[PDB]
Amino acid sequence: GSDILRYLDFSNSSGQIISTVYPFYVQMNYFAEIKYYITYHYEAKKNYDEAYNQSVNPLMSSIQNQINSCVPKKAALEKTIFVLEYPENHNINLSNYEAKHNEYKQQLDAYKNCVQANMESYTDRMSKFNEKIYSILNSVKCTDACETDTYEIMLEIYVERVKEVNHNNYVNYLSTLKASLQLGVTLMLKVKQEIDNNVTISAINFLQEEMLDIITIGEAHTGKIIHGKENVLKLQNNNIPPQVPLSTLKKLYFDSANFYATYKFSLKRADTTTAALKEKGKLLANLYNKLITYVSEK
């Protein structure tokens, strides 16, 4: 049941997470949230739906097509991983294993670049549409006397949604599993001092590293989930007047939707990441037991 897309996302310098799965960019999630956020501001809603269709939908299609072109690269990468995870059943030797691992690095790097291609052009267009949203909300008929009904409704919706899951169970699992993996790594350093290298040892070593890599990605998403949830909850605690000016209202709208979009974008990924760890963990335990047979009779 292997599927690298269950966990493989790419973070960077700024902390942005580019995902290999729909909707790929968090801004796209945000634009979808705004769409039904302003559903009761009638003129703003019709204008937004029109602008969304002209800008966001062709952009998503271009991104989706790019991701689709990366599939052959993804396939080659996953076939390499399959060899590295099951070397004994592949009947591959140590030397060819090391070459395969070398190939894996190149293939992971090549897939990442195929996925992150045009990242800058994509971000620019999302930024351009985001600025366009500000002027679209000028269609909100109130000017200085804007009522905070819609904001309070959506906030209540967001608050109830982030309360539905306890994020602490993800965090504690990742942290606790990470620690046991770090123990495993240290243990294997002692193993290589006592036992001649083989593909089982190499596989344990590889599987431990990619499990740590998955945790790193999972921690990145966990940070976004916590950031999004706490800020949503914070908005509820802060007092707002029954009446605010429109310029304020736009920011209240946008801040709310952005906090939830951030939460939602990473929450979806946090789930499947856990299932991937279970798959790898089961294999790792089997790899450990296989190695025991080697050590025992030597």
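Don't overthink the numbering: it's just position in the shown sequence, from 1.
**Q** Regarding 233-241 and 249-257, which shows the higher C-alpha temperature factor on average in the entry?
**A** Taking the mean C-alpha B-factor of 233-241 and of 249-257, the larger value falls to 233-241.
**Q** Would you mind comparing 75-83 and 143-151 for me and telling me which has the higher average C-alpha temperature factor in the entry?
**A** Taking the mean B-factor of the alpha carbons in each, 143-151 is higher.
**Q** Based on what the PDB entry reports, which of 112, 224, 132, 161 has the top C-alpha B-factor?
**A** By C-alpha B-factor in the record, 132 ranks first.
**Q** In terms of recorded Cα temperature factor, pick the maximum from 107, 169, 182, 200.
**A** It is 169.
**Q** Just say lowest, middle or highest third for the CA B-factor of residue 174 relative to the other modelled residues in its chain.
**A** Bottom third by C-alpha B-factor.
**Q** Could you look up the Cα B-factor of residue 63 in the entry and say which third of the chain it sits in: lowest, middle or highest?
**A** Residue 63: CA B-factor falls in the middle third of its chain.
**Q** Can you tell me which third, lowest, middle or highest, the CA B-factor of residue 47 falls into for its chain?
**A** For residue 47, whose C-alpha B-factor we compare with every modelled residue in the chain, the answer is the highest third.
**Q** Determine, from the deposited record, the chain-internal third of the Cα B-factor for residue 289: lowest, middle or highest.
**A** Its C-alpha B-factor belongs to the middle third of this chain's values.
**Q** Tell me, lowest, middle or highest third: where does the Cα B factor of residue 270 rank within its chain?
**A** It falls in the top third of the chain.
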